[PDB]
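Read through the structure below, which is laid out as structure tokens, and then see the notes.
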Number of protein chains: 4
Amino acid sequence: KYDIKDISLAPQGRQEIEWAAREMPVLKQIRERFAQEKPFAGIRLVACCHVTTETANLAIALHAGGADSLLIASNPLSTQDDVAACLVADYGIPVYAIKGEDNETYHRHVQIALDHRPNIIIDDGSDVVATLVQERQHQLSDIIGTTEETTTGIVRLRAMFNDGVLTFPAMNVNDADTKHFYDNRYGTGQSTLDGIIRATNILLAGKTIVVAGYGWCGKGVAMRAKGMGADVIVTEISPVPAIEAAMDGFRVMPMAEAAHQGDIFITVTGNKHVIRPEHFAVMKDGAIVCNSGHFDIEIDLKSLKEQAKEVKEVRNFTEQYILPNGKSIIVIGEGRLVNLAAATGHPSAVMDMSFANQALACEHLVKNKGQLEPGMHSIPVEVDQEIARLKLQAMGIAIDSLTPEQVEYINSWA
Amino acid sequence: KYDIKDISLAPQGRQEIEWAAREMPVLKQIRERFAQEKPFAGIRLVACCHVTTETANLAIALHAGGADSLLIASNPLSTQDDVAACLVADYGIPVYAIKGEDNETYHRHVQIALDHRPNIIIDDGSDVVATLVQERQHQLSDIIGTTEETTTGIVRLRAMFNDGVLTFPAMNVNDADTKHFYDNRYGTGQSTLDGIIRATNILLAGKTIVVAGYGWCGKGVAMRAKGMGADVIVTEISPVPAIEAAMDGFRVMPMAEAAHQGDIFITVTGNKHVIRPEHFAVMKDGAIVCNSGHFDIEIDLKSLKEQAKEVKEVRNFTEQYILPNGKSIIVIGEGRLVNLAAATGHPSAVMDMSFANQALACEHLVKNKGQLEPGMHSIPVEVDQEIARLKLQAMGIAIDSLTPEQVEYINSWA
Amino acid sequence: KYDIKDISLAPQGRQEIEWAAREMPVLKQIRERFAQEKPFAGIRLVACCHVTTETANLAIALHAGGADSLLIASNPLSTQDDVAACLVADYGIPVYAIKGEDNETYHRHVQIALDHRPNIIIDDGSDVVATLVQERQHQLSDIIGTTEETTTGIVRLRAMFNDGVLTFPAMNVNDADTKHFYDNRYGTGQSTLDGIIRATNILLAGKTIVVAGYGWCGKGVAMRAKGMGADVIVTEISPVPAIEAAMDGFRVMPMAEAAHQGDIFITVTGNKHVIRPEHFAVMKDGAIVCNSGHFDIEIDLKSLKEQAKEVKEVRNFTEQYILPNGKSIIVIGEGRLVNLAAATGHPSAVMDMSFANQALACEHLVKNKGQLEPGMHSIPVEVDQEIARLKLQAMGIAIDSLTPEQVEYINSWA
Amino acid sequence: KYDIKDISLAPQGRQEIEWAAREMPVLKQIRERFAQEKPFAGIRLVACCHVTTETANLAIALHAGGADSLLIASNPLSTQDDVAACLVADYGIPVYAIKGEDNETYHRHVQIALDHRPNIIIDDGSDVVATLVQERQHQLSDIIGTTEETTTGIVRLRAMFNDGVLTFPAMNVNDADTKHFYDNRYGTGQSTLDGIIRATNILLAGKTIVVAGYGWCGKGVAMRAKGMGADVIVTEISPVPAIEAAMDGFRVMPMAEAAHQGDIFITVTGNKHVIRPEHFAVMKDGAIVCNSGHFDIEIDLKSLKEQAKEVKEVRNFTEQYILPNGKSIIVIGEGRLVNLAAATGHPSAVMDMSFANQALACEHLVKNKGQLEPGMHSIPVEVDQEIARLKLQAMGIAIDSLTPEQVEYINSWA
Ligand SMILES: NC(=O)c1ccc[n+]([C@@H]2O[C@H](COP(=O)([O-])OP(=O)(O)OC[C@H]3O[C@@H](n4cnc5c(N)ncnc54)[C@H](O)[C@@H]3O)[C@@H](O)[C@H]2O)c1
Ligand SMILES: NC(=O)c1ccc[n+]([C@@H]2O[C@H](COP(=O)([O-])OP(=O)(O)OC[C@H]3O[C@@H](n4cnc5c(N)ncnc54)[C@H](O)[C@@H]3O)[C@@H](O)[C@H]2O)c1
Ligand SMILES: NC(=O)c1ccc[n+]([C@@H]2O[C@H](COP(=O)([O-])OP(=O)(O)OC[C@H]3O[C@@H](n4cnc5c(N)ncnc54)[C@H](O)[C@@H]3O)[C@@H](O)[C@H]2O)c1
Ligand SMILES: NC(=O)c1ccc[n+]([C@@H]2O[C@H](COP(=O)([O-])OP(=O)(O)OC[C@H]3O[C@@H](n4cnc5c(N)ncnc54)[C@H](O)[C@@H]3O)[C@@H](O)[C@H]2O)c1
Ligand SMILES: Nc1ncnc2c1ncn2[C@@H]1O[C@H](CO)[C@@H](O)[C@H]1O
Ligand SMILES: Nc1ncnc2c1ncn2[C@@H]1O[C@H](CO)[C@@H](O)[C@H]1O
Ligand SMILES: Nc1ncnc2c1ncn2[C@@H]1O[C@H](CO)[C@@H](O)[C@H]1O
Ligand SMILES: Nc1ncnc2c1ncn2[C@@H]1O[C@H](CO)[C@@H](O)[C@H]1O
Ligand SMILES: [Cl-]
Ligand SMILES: [Cl-]
Ligand SMILES: [Cl-]
Ligand SMILES: [Cl-]
Ligand SMILES: [Rb+]
Ligand SMILES: [Rb+]
Ligand SMILES: [Rb+]
Ligand SMILES: [Rb+]
Ligand SMILES: [Rb+]
Ligand SMILES: [Rb+]
């Protein structure tokens, strides 16, 4: 079966999926090869991903390869209901995903997905893999391998590995060059601001925007906020990215100092409770807070709800918390990934490369079944580099190649 | 009465109007003085504006001042139907404006507006003022003055003046410092890209974006396109702004040369047929064209429709024209103002200053009734500067002031 | 005769003058017409300019036109001694200008210039014109007109006008579009940072740089400081440019608040005592202060010297003032124009347009002798626009032109 | 003994060395510890480095640690003669380095340095290490280890390793986070443009600048050229950095296409013959070419000299080659590292971290003598991270630290 909002949205979803595919030519080439070679014949697969037009294009590629897939939502607010209807109605792919589903429904979907007995699990944040290892030790025989889309999931998998429970291969998709160099940086940079503007309509120019974290995502968000005229503050816990932020022209300071100054706060750390009650207490009246790291827990919304004497929905995706002293704190997207909650996530141009990595990582797991050591595996260099070559070609860009004399010069030392 | 889509949308419109008001503190101060002083007591007023949350806040301010106002849509795609509902149901202000109305409905609304016998007309593009002068010479005895919001309207007013038919005062709101330095540049820069992204979800980074025109709007569009990672080309007809664009790091070239290279074309010239049939024929497969100047005629869409063998709707706000050779041209928003057709227009932060100028220009017209010469009047300097002082204060920014000795130094030449 | 450092430097000066001429093609075209038409036959001329390779190219053009010219230094630190040598030895043009000359030498040079009995005076800062009006009322019968290169000179001329003593025509070269849109903004933006880096070798990335003033020069300085990775603070006295700086992404605040934070301070206001004793006392240990407005009095160096217990020369163009608490304040170029004191001033590409305006303004004065009203005259629009057309062509940039139907559309209001 | 230009320059060199040390506080702390602990007592050391004020501060730190050092120039045009005089006269350190020395003198200095019988070799480009391994196999017993400052040297060392001749430990200083993230990127970005401007005085705004290579140095040069208003073209041989360049807003193309368009060409590839005769032949008349990669061979100057019918020195650091068809090619710095040839190299702020890595890498080699495997060693993470911590502290920047609960969250997976 399936569990979706409205099957009648399938014609609209089909339209949106085809529009998204215009900038996914690398994944389109992979799909056409998969249709011929059927690498996933007889394989059962579970994908826990954001249910978007880009994920649909990945799901259709795995379907073309013969995979018996089941899809569930990575996050209650990121699901595109028209996409879910199209995958069920047009491709017969079971989808368990409703935009705005409660937590009980989400956990039921994880159980149904584990009952599919997947051989391959594509995960985004590692929730299904963690639940497999904790609750379904008796199913581990099914597992050929798993993949992990995002930085937060990679951290979880390392914790699993160090705990001695990562007893199967897991492909580190996030850390492929063609994933986090583009998706995490340029994709998040544009789509995070997109979500903020779609939720609030606010002018970014002249605002002070605080970016917590200066890794791949933070560099992108700060870069684009600056491009839109914002005064950017960066917070960090490590000195190397902190120095980078300073030399990129941004003001670096502890969050306690930034909390007095920000008009908009954006967390992209992958860590818990980066913005806390002692920070809410000193924020400007009407300060906006939002999260672009995989889990909402980066903002301590639980404490904010306790502190506040009133909460009201002021707009789509926008809630106003009123503190007992009468000052307000505006939260976008209930603290969930603001690019996917309030807009449509990354453009398909960067998801082409992220999901090419997903598709070829799944092919890698099956082709090498019985030959991969348990634990985390990076994407093979040849795969990573071929995705880049294909994407640069599809963007219409030509570059140079080394001559035999230049190759001789590199290998020379005298 | 009125002519709107659905009066049941009024509670939603009220919520949106109040959200937009948060960054209109200057206009709010004017509203509060107007409610005390009633400068528009006994005055009938027509406003032909984009029916947005920002225009609503202007209409409420004129209402507090005593104006007997009637509002019609400047453009069929920019009307926000919940705003129209709120103005009718909560303020008793007649609104003739339905999103998506046809051309005949629009011209019927203009005739209704003129039958209101306004003493003051606020216009955006000067269509109502042109109709008044053309068809209603007998009504000119009613006119205390008019105002004009946008650059294309100022150009039409100059042509009316030179034709000898501008026989009343017209306030040049567009060219106030606190209007086109901010609205036209920073407002359009953000909101134009907002409309493109809401229509297409396209990644701007890595695209070649052609901006036609490097005036106030084109400077803003190019600045923010560059900030979002695009490769920017600028076209021009005048050498001073062309040199500026070169020294700002942009490529400058004729549109015939840009036509082969652009991925996204954005017209902001105020002129007719800037993108032409001979340009469509050489564009890249899947090039996107859109317009952010007041009238759609900047793109020769009539010719495009005759060159195309087929037109498809690919998603909201987006049409795909397929040429006989199979290549596609994408049009956003039917060539209408892309920021207002596909998104919500400028943020309220800059419309605060634009519409503070409108309200104070109307006050200037009434206080000086029977004393102003016919023709175009600029916004008085003391007014323009007071809007800037109030806005800067409302942004929480403090600056310096000259000491008495520094003042003496300025007036010393020895 | 002349008064220069070393005439043996002439071959070196000739080489530098010819290098600078490569990006002065507009002025070269004017020189070639002048040599045919001789507009300055029988005219005596004084030029008080920065004695640079660019001024040399201007002097050569006036010479080709027949001018009996005499050149003196506008500023003791900006004189290039090899340029002075070449103008004397190769062109027989009297030059009174020695790099590093003392104040008494400068004032002696002004007296020599006035004894030349000029009919035309080109001034930069209006010092010679003020001396002429103040001391030489009997010579005013010689004057056909004067010109003024820089913003501070225009301000002094306005004060002369309002005092009733501007009894001849003065051409406002600074405010020509092709002057202060390019020279003042992009020229100063690059050359000011050039002077700072040549004086100090300091990394700009990661520094907080305070720019006093956000007019044409301050916009350029802030733009390029930001481009080099600095955190930029802007101070102002007027709200319109303050809002601009905020929407350009810069922090705006009073200088008293900036004084605690800046690593490098750059004054470009045209006003007196913008950096003050109460600012020195709170600056960071090792803060650098410099001036890029025409006169050094923008920084209160007199007070700094009295607050300091000791001053050391730390390298060329750089002085270290040590305060009693042991903290240091670094002054570049003794507070004189840092681009011209520590480097070579604006690139010749923008001086081409500035000094094309000078040459054509002198021609305008002579062709209209005995016909111009006393007071300030702007550069004629046809002149300003022709300079822009020639410069754009010389940069190899082609743009569009309106078709006949597009022209008709502009003049249509119906 | 020693071999320098002029011992009388020592007072000026002392001044310049002290000025440079103001932004080298990390290396100053290392020097003070070294003065106490004497890690290099009884050690002989050779450094082949650019003989700059920053290298002098490193040499003084090694001297404080008890090292018996000898310094030679890495490059004939980068030597600062006043620094060389100060090291000889004030510290008794043998320096063999004359700015502008011929190739025969440079090779003699390498022989004298090898006759010092070093135990530690600090190299920049690996020339001395290669000569040791090729010519002095009988001295390898002396060697505790070597270090390598730059990317080109690292490539050479890998070639040595793969050839089986890297029979001792070599510290990869270049690839430390606190080296190539800042030095190669932000340092080269500023100092390369500094050198171009000091040599030519050219306005960068409005020029087309071609950057060959988009690694750490290329990203910096392109970023700063764009910050100065240039239209930037990037050439590459690999698709990952090529896609990055596009998404950063730059035009990516093969060098054969860029050769027609560039006004200024900058090579930062580390490879041979990136700009070739077939490229010179299509360049604009007056195109400027320069190199910022360690060796000049990135530009085929040998072929340019053969093709040209004439060469003349048009300015300091600037040569004009005239081709038989009369077009000119301008070369800066004889194709040598333009930041060091025409200016003073990187600011001391970034060399503080690069040379902290050098100093602590030398301490690491001695502390671990007899315990390091032959081959290339990366800088230990704890050393790399401590340099960053110390530099961030000295820049006056404070950041956050993880709470115990955040640490628990990272190590958790369920
Ligand atoms: N919303 C999206 O579409 C999207 C896309 C990609 C990744 N992500 C998520 O974004 C987050 C960040 O990913 P990334 O690739 O940038 O990771 P990263 O490892 O590259 O960077 C994270 C950075 O945050 C810093 N940091 C950690 N804790 C911090 C704290 N308390 N305060 C300040 N800085 C802190 C770290 O020092 C590091 O520099 C993860 O949750 C990842 O899954 C979201
Ligand atoms: N969409 C919005 O919200 C919005 C906001 C403000 C203004 N506008 C409109 O935007 C347009 C531009 O206004 P502006 O204030 O920038 O005007 P402007 O007068 O300051 O600039 C227009 C520029 O376009 C150039 N130009 C004219 N015809 C051209 C052509 N054929 N090709 C290339 N360049 C050409 C002109 O030389 C000029 O530099 C007007 O139609 C105005 O009404 C729209
Ligand atoms: N060094 C150069 O090569 C060079 C080149 C051009 C002009 N200039 C000089 O630069 C100065 C500025 O010229 P401009 O064209 O930018 O002038 P402008 O009139 O366009 O701008 C000056 C700005 O400074 C602001 N200001 C004035 N007093 C201030 C104060 N006390 N604190 C802060 N802001 C203050 C004004 O509000 C204004 O916005 C003048 O002295 C001019 O002669 C120097
Ligand atoms: N001048 C300075 O002060 C300074 C400072 C640091 C490093 N360097 C030198 O700069 C050079 C580059 O160093 P890096 O750290 O940026 O190296 P890197 O390995 O990070 O980057 C080099 C880049 O050039 C590209 N490339 C190689 N051959 C090419 C070709 N033929 N055409 C185009 N692109 C090509 C590679 O794909 C790579 O992306 C080296 O020679 C290094 O020693 C100089
Ligand atoms: N349009 C999208 N569709 C699917 N996944 C997305 C989209 N935008 C972002 N993501 C992914 O979501 C992850 C965070 O949960 C990121 O690693 C990113 O790859
Ligand atoms: N949010 C908005 N509400 C009302 N008018 C707008 C909005 N955004 C842009 N405009 C105005 O529309 C005019 C163009 O028709 C511009 O001059 C601008 O002032
Ligand atoms: N290279 C230069 N040669 C001559 N004058 C210059 C140069 N650079 C700046 N100036 C001029 O000096 C004036 C300031 O005194 C500026 O208005 C500017 O036009
Ligand atoms: N100021 C400087 N002093 C010494 N070495 C430098 C300087 N600037 C750049 N370099 C170094 O030169 C190397 C290239 O030969 C780079 O790796 C860089 O670390
Ligand atoms: Cl493949
Ligand atoms: Cl008011
Ligand atoms: Cl001419
Ligand atoms: Cl240490
Ligand atoms: Rb979508
Ligand atoms: Rb080599
Ligand atoms: Rb709205
Ligand atoms: Rb010069
Ligand atoms: Rb130096
Ligand atoms: Rb966790």
Side-chain angles (χ1 to χ4, degrees), chain A residues 50 52 74-75 78 124-126 148-156 174-175 179-192 195 210-221 234-242 244-245 252 254-255 258 266-276 290-298 336-341 343 345-346 350-351 354, chain C residues 26-34 37 356 359-360 363 383 386-387 389-390, chain D residues 26-27 29-34 37 356 359-360 363 382-383 386-387 389-390 399-403 406-407 409-410:
Chain A
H50 303 288
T52 70
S74 183
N75 182 279
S78 66
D124 191 324
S126 213
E148 175 52 50
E149 170 75 10
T150 205
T151 320
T152 283
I154 299 303
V155 170
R156 272 182 101 172
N174 181 78
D175 288 353
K179 202 284 182 169
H180 64 161
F181 291 176
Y182 309 110
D183 175 316
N184 299 39
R185 177 169 45 177
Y186 303 110
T188 314
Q190 172 173 315
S191 63
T192 292
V210 177
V211 181
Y214 204 64
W216 294 100
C217 291
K219 285 175 173 70
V221 174
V234 168
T235 78
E236 255 293 341
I237 58 157
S238 294
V240 167
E244 289 182 297
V252 182
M255 180 59 80
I266 309 168
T267 55
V268 273
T269 68
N271 216 318
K272 173 180 184 186
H273 287 178
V274 172
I275 299 183
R276 297 198 287 273
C290 67
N291 171 45
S292 267
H294 176 78
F295 281 134
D296 76 78
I297 207 71
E298 309 212 12
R336 278 68 167 168
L337 294 200
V338 67
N339 59 326
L340 288 143
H346 295 355
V350 291
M351 300 315 295
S354 300
Chain C
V26 177
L27 184 57
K28 181 201 185 187
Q29 294 177 75
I30 295 168
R31 161 158 69 249
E32 281 164 347
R33 180 171 62 80
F34 277 4
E37 305 190 343
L360 298 185
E363 184 179 29
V383 166
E386 175 75 352
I387 290 172
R389 182 187 75 81
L390 290 177
Chain D
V26 181
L27 185 64
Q29 296 173 61
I30 295 167
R31 171 181 80 221
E32 286 158 345
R33 185 171 59 81
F34 280 6
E37 294 177 348
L360 297 177
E363 187 184 26
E382 328 86 54
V383 167
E386 174 76 348
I387 289 167
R389 186 194 72 86
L390 288 175
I399 53 167
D400 288 301
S401 305
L402 289 185
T403 69
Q406 291 169 323
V407 168
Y409 178 80
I410 293 164

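Just so you know, ligand 1 is whichever comes first in the structure, and atom 1 is the first atom listed for that ligand. To find a chain, count down the sequence lines: A is the first, B the second, and so on, and within it residues start at 1.
Judged purely by atom type and a 3.5 angstrom limit, A/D183 has no side-chain atom pairing as donor or acceptor with the backbone of A/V350. The closest donor-acceptor contact from the side chain of A/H346 to the backbone of A/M351 lies at 3.5 Å or more, if one exists at all. The closest donor-acceptor contact from the side chain of D/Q406 to the backbone of A/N271 lies at 3.5 Å or more, if one exists at all.
The heavy-atom pair separating D/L390 from D/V26 by the smallest distance is C-CG2, 3.9 Å. Residue A/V252 comes nearest to A/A245 through the heavy atom pair CG2-CB, 3.6 Å, listed as atom of the first residue, atom of the second, then distance. The two residues D/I30 and D/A359 make their nearest non-hydrogen contact at CG2-CB, 4.0 Å.
If you check which protein heavy atom lies closest to atom 15 (O) of ligand 1, you get A/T151 OG1, 2.8 Å. Of the protein's non-hydrogen atoms, the one nearest atom 43 (O) of ligand 1 is A/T150 OG1, 2.7 Å. Regarding atom 5 (C) of ligand 1, its nearest protein heavy-atom neighbour is A/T188 OG1, 3.5 Å. When only non-hydrogen protein atoms are considered, atom 16 (O) of ligand 1 lies nearest to A/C217 N, 2.9 Å. When only non-hydrogen protein atoms are considered, atom 9 (C) of ligand 1 lies nearest to A/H294 N, 3.7 Å. For atom 37 (O) of ligand 1, the closest non-hydrogen atom of the protein is A/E236 OE1, 2.7 Å. Regarding atom 41 (O) of ligand 1, its nearest protein heavy-atom neighbour is A/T152 OG1, 2.7 Å.
The shell of residues lying under 4.0 angstrom from ligand 1, judged by heavy atoms, excludes A/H180. Using 4.0 Å as the threshold, A/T235 has a heavy atom nearer than that to some atom of ligand 1.
If you number the atoms of ligand 1 from 1 as listed, the ones under 4.0 Å from a heavy atom of A/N184 come out as 6 (C), 7 (C), 15 (O). Heavy-atom proximity to A/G293, at under 4.0 Å, picks out these atoms of ligand 1: 9 (C), 10 (O), 11 (C), 41 (O). Atoms of ligand 1 lying under 4.0 Å from at least one heavy atom of A/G213, given by number and element, are 24 (O), 33 (C), 34 (N). Counting atoms of ligand 1 from 1 in the listed order, those under 4.0 Å from a heavy atom of A/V268 are 12 (C). The atoms of ligand 1 that sit less than 4.0 Å from any heavy atom of A/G270 are 11 (C), 40 (C), 41 (O).
The residue among A/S292, A/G215, A/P241 with a heavy atom at the shortest distance from atom 1 (N) of ligand 1 is A/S292. Here atom 35 (C) of ligand 1 lies nearest to A/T269 when heavy atoms of A/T269, A/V221, D/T403 are compared. In this structure, of A/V338, A/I237, A/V350, the residue bringing a heavy atom nearest to atom 26 (N) of ligand 1 is A/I237. Distances from atom 2 (C) of ligand 1 to the heavy atoms of A/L340, A/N339, D/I399 show the closest one on A/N339.
Between A/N75 and A/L340 there is no side-chain heavy-atom pair separated by less than 4.5 Å. Contact annotation: the side chain of A/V210 approaches that of A/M255 to within less than 4.5 Å [non-hydrogen atoms, C-beta and beyond].
Contacts between A/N271 and ligand 1, counted as non-hydrogen atom pairs separated by less than 4.0 Å, involve the side chain only. By the criterion of a heavy-atom distance under 4.0 Å, neither the backbone nor the side chain of A/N174 is placed next to ligand 1. Contacts with ligand 1 closer than 4.0 Å are made by side-chain heavy atoms of A/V274 only, the backbone lying farther away. Of all the heavy atoms of A/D183, the ones lying under 4.0 Å from any atom of ligand 1 belong exclusively to the side chain. The proximity of A/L337 to ligand 1, defined as any non-hydrogen pair under 4.0 Å, is limited to the side chain. Of all the heavy atoms of A/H346, the ones lying under 4.0 Å from any atom of ligand 1 belong exclusively to the side chain.
Between atom OG1 of residue A/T151 and atom CH2 of residue A/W216 there is a gap of 10.5 Å, rounded to the nearest 0.5 Å.
Under the ring-ring contact (aromatic ring centres under 6.0 Å, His included) criterion, D/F34 pairs with D/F40, sequence neighbours left out. Take C/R389 and apply the salt bridge (charged side-chain N to carboxylate O under 4.0 Å, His left out) test, not counting sequence neighbours, and it matches C/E386.
Looking only at atom types and distance, the side chain of A/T152 has no donor-acceptor partner in the side chain of A/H294 under 3.5 Å away. Defined by atom type and a distance below 3.5 Å, a donor-acceptor pair is missing between the side-chain atoms of A/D124 and A/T150.
Among the candidates A/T188, A/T269, A/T267, A/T192, the single residue satisfying the side chain to side chain donor-acceptor pair (under 3.5 Å) test with A/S292 is A/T192.
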